[PDB]
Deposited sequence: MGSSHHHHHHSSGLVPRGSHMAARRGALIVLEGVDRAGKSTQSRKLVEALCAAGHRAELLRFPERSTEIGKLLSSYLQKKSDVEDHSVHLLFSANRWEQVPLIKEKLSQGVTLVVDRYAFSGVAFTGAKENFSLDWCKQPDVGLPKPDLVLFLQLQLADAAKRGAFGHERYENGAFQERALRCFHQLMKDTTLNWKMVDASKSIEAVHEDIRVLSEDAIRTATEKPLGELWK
């Protein structure tokens, strides 16, 4: 009764997370795999996120926590979950707003299902800035993006998490190939041990 893997895709805005997450799920299914995106706008907590920045940070964490019974059930059924943004983006975005410390930002997400694999989609900030995605002012805020990346860097220092850096500057097919190999390795190997808990 082999459990599914919990795979998280992280990285700055326009790194290719939505593109690569959908590509991964569909390729795995062509294995039992499902896609999860944070924030999940469909729930009641998600509908509130559609000001007070601490409330917003907590609402983003409560949106992750409300999906925990679903996460655990799917994983126990043998379904691998591909997650487009998790607690790491939560800490990075609030940390990019800068008013609050990394320690305060991490705390609400402490205890969440620990990912078996955290894919960090790395690319130069100037490389992501020249990408075909618009619709958010924060994309053009260079300073915000630099602070968000600094937050991601500090979070990668945690030796307990299975962080795997992927060169996100490469072609759609080459980035997919790297993500596919690492994800398949996680489904076969990382699933041997029971599902852990984030930052504890």
Point to revise | Gaps in the model, given as deposited-sequence positions counted from residue 1 | key: 1 to 22, 53 to 54, 75 to 82
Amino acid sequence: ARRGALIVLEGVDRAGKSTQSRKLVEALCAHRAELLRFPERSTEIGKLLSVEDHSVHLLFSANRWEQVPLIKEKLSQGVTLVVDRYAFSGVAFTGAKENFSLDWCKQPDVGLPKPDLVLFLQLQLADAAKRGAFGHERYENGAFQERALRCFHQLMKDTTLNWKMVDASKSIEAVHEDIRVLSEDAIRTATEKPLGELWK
From here on, numbers count along this sequence of modelled residues.
Check your understanding: When the C-alpha temperature factors are averaged for each of 100 to 108 and 87 to 95, which stretch ends up with the higher value in the entry?
Key -> 100 to 108
Exercise for review: For the higher mean C-alpha B factor in the entry, choose 15 to 23 or 174 to 182.
Suggested key: 174 to 182
Exercise for review: Choose from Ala1, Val8, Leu198, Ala5 the residue with the greatest Cα B-factor as stated in the PDB record.
Suggested key: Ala1
Study note, to complete from the structure: Reading the B-factor column for Cα atoms of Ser42, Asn162, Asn63, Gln154, the highest value belongs to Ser42
Practice item. Using the B-factors in the PDB entry, rank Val166's C-alpha atom against the chain and give the third, lowest, middle or highest. Key: lowest
Review point. Ranked by Cα temperature factor within the chain, is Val56 in the lowest third, the middle third or the highest third?
Key: middle
Revision key, fill the gap. Assert third(CA B-factor, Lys72) within chain per record equals middle
